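Undergrad: What follows is a single structure, and I will ask about it in a moment.
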There are 4 protein chains.
Amino acid sequence: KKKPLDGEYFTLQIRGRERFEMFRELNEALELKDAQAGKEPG
Amino acid sequence: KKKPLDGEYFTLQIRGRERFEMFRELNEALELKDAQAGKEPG
Amino acid sequence: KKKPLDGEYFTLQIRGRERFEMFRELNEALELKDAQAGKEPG
Amino acid sequence: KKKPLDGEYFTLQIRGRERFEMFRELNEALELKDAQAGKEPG
């Protein structure tokens with residue numbers, strides 16, 4: 001498929017695997033919002 | 001000092017510089033509470 | 001439509017107007033994923 | 001003691017008890033850093 005070039009691309013070292021999964025959820029959250037930006041104004 | 005056994009160490013790609021600073025903030029947030037887990041709750 | 005059984009309904013006092021808008025953003029974030037829990041993951 | 005001028009005070013309806021405990025955790029997180037804003041960064 002090859003996705004287009006999105007915004008920049010940084011990284012973050014999250015210590016502790018427990019809190020790691022927690023941050024991952026927040027990442028996907030904002031990710032879906034960005035995809036809803038190109039969606040209808042509704 | 002600091003911590004004997006360090007937890008795992010993963011990483012996360014944060015697209016977008018604006019949202020990046022947002023996640024980094026939460027990172028130090030949880031890290032602070034971790035240092036408070038040393039002395040019992042008071 | 002929307003959702004048959006609504007989950008519980010609590011509340012939270014957010015001190016500071018600046019940080020307030022920050023939490024509200026995460027609120028709608030999780031709410032969006034909840035609506036996606038209807039159709040299987042794809 | 002504590003803080004002279006308290007910031008504003010709003011509220012937020014968190015649907016779902018599971019996600020509720022999640023937001024509450026981040027609440028105390030930012031509150032802790034606020035108390036550290038007293039002494040310069042070190």
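Residue names in the structure tokens use chain letters A, B, ... in the order shown, residue numbers from 1 in each chain, and ligand numbers from 1 in the order shown.
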Over all Cα atoms in order, fit chain A to chain C and jot down the RMSD to one decimal place.
TA: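 Result of the CA superposition: 2.1 Å.
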Undergrad: Tell me the residues of chain B close to chain D, meaning within 12 Å using only C-alpha atoms, as a PyMOL selection string.
TA: chain B and resi 25-36
Undergrad: What's the 7 Å shell around residue 12 of chain B, counting only C-alpha atoms, without same-chain residues fewer than 3 positions away, as a ChimeraX atom specification?
TA: /A:11-13
Undergrad: Export, as a compact mmCIF listing (two decimals), in the first residue's frame, the selected residues with N, CA and C atoms.
TA:
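Output file again.txt follows:
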# COMPACT_ATOMS: atom_id res chain seq x y z
N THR A 11 10.48 10.05 18.23
CA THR A 11 10.42 8.75 18.96
C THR A 11 10.41 9.02 20.47
N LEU A 12 10.10 8.03 21.25
CA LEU A 12 10.06 8.24 22.72
C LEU A 12 10.40 6.94 23.45
N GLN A 13 11.37 6.97 24.32
CA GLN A 13 11.74 5.74 25.07
C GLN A 13 10.86 5.65 26.32
Undergrad: Output as a PyMOL selection string all residues of chain D that backbone DSSP marks as strand (DSSP E).
TA: chain D and resi 9-15
Undergrad: Quick one: pull the distance between atom CA of residue 41 of chain A and atom CA of residue 1 of chain A, Å, one decimal.
TA: 26.6 Å
Undergrad: From the DSSP assignment of the backbone, select every residue of chain C that is alpha helix (DSSP H), and format the answer as JSON, numbers by chain.
TA: {"C": [17, 18, 19, 20, 21, 22, 23, 24, 25, 26, 27, 28, 29, 30, 31, 32, 33, 34, 35, 36]}
Undergrad: Give me a file of those residues, with N, CA, C and O atoms, as a JSON list (two decimals), in the first residue's frame.
TA:
[["chain", "number", "residue", "atom", "x", "y", "z"],
["C", 17, "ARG", "N", -7.91, 26.31, 33.81],
["C", 17, "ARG", "CA", -8.66, 26.27, 32.52],
["C", 17, "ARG", "C", -7.74, 25.73, 31.41],
["C", 17, "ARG", "O", -8.17, 24.99, 30.55],
["C", 18, "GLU", "N", -6.49, 26.09, 31.44],
["C", 18, "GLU", "CA", -5.55, 25.60, 30.39],
["C", 18, "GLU", "C", -5.53, 24.07, 30.39],
["C", 18, "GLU", "O", -5.86, 23.44, 29.41],
["C", 19, "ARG", "N", -5.13, 23.48, 31.48],
["C", 19, "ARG", "CA", -5.09, 21.99, 31.54],
["C", 19, "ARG", "C", -6.49, 21.42, 31.29],
["C", 19, "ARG", "O", -6.64, 20.32, 30.80],
["C", 20, "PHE", "N", -7.51, 22.16, 31.63],
["C", 20, "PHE", "CA", -8.89, 21.65, 31.41],
["C", 20, "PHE", "C", -9.06, 21.26, 29.95],
["C", 20, "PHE", "O", -9.34, 20.12, 29.63],
["C", 21, "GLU", "N", -8.89, 22.18, 29.05],
["C", 21, "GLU", "CA", -9.05, 21.86, 27.60],
["C", 21, "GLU", "C", -8.19, 20.64, 27.25],
["C", 21, "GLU", "O", -8.53, 19.87, 26.37],
["C", 22, "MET", "N", -7.09, 20.46, 27.92],
["C", 22, "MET", "CA", -6.22, 19.29, 27.62],
["C", 22, "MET", "C", -6.95, 17.99, 27.94],
["C", 22, "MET", "O", -7.05, 17.10, 27.12],
["C", 23, "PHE", "N", -7.48, 17.87, 29.13],
["C", 23, "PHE", "CA", -8.20, 16.62, 29.50],
["C", 23, "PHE", "C", -9.41, 16.43, 28.59],
["C", 23, "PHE", "O", -9.64, 15.36, 28.05],
["C", 24, "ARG", "N", -10.20, 17.46, 28.40],
["C", 24, "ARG", "CA", -11.40, 17.34, 27.53],
["C", 24, "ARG", "C", -11.00, 16.71, 26.19],
["C", 24, "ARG", "O", -11.72, 15.90, 25.64],
["C", 25, "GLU", "N", -9.87, 17.08, 25.65],
["C", 25, "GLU", "CA", -9.44, 16.51, 24.35],
["C", 25, "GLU", "C", -9.32, 14.99, 24.47],
["C", 25, "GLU", "O", -9.84, 14.25, 23.66],
["C", 26, "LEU", "N", -8.63, 14.51, 25.48],
["C", 26, "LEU", "CA", -8.48, 13.04, 25.64],
["C", 26, "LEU", "C", -9.85, 12.40, 25.85],
["C", 26, "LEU", "O", -10.08, 11.27, 25.46],
["C", 27, "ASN", "N", -10.76, 13.10, 26.45],
["C", 27, "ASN", "CA", -12.12, 12.53, 26.67],
["C", 27, "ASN", "C", -12.74, 12.13, 25.33],
["C", 27, "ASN", "O", -13.10, 10.99, 25.12],
["C", 28, "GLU", "N", -12.86, 13.06, 24.43],
["C", 28, "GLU", "CA", -13.45, 12.74, 23.10],
["C", 28, "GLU", "C", -12.60, 11.68, 22.40],
["C", 28, "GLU", "O", -13.09, 10.90, 21.61],
["C", 29, "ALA", "N", -11.32, 11.66, 22.67],
["C", 29, "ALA", "CA", -10.44, 10.65, 22.01],
["C", 29, "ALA", "C", -10.92, 9.24, 22.34],
["C", 29, "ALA", "O", -11.22, 8.46, 21.46],
["C", 30, "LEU", "N", -10.98, 8.90, 23.60],
["C", 30, "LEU", "CA", -11.44, 7.53, 23.99],
["C", 30, "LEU", "C", -12.88, 7.31, 23.51],
["C", 30, "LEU", "O", -13.24, 6.24, 23.07],
["C", 31, "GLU", "N", -13.70, 8.32, 23.60],
["C", 31, "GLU", "CA", -15.12, 8.17, 23.16],
["C", 31, "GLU", "C", -15.17, 7.74, 21.69],
["C", 31, "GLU", "O", -16.00, 6.95, 21.29],
["C", 32, "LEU", "N", -14.30, 8.27, 20.87],
["C", 32, "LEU", "CA", -14.31, 7.90, 19.43],
["C", 32, "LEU", "C", -14.01, 6.40, 19.28],
["C", 32, "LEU", "O", -14.71, 5.69, 18.58],
["C", 33, "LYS", "N", -12.99, 5.92, 19.93],
["C", 33, "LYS", "CA", -12.65, 4.47, 19.82],
["C", 33, "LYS", "C", -13.84, 3.63, 20.30],
["C", 33, "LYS", "O", -14.13, 2.58, 19.77],
["C", 34, "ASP", "N", -14.53, 4.09, 21.31],
["C", 34, "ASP", "CA", -15.70, 3.32, 21.83],
["C", 34, "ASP", "C", -16.70, 3.08, 20.70],
["C", 34, "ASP", "O", -17.25, 2.01, 20.56],
["C", 35, "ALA", "N", -16.94, 4.08, 19.89],
["C", 35, "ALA", "CA", -17.92, 3.91, 18.77],
["C", 35, "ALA", "C", -17.36, 2.93, 17.74],
["C", 35, "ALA", "O", -18.10, 2.33, 16.99],
["C", 36, "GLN", "N", -16.07, 2.76, 17.69],
["C", 36, "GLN", "CA", -15.48, 1.81, 16.70],
["C", 36, "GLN", "C", -15.53, 0.39, 17.25],
["C", 36, "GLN", "O", -15.29, -0.57, 16.54]]
Undergrad: What is the distance between atom CA of residue 42 of chain B and atom CA of residue 16 of chain C, in Å to one decimal?
TA: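 Answer for the atom CA of residue 42 of chain B to atom CA of residue 16 of chain C separation: 24.5 Å.
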Undergrad: Expressed in Å to a single decimal, how great is the separation between atom CA of residue 6 of chain D and atom CA of residue 14 of chain C?
TA: 11.7 Å
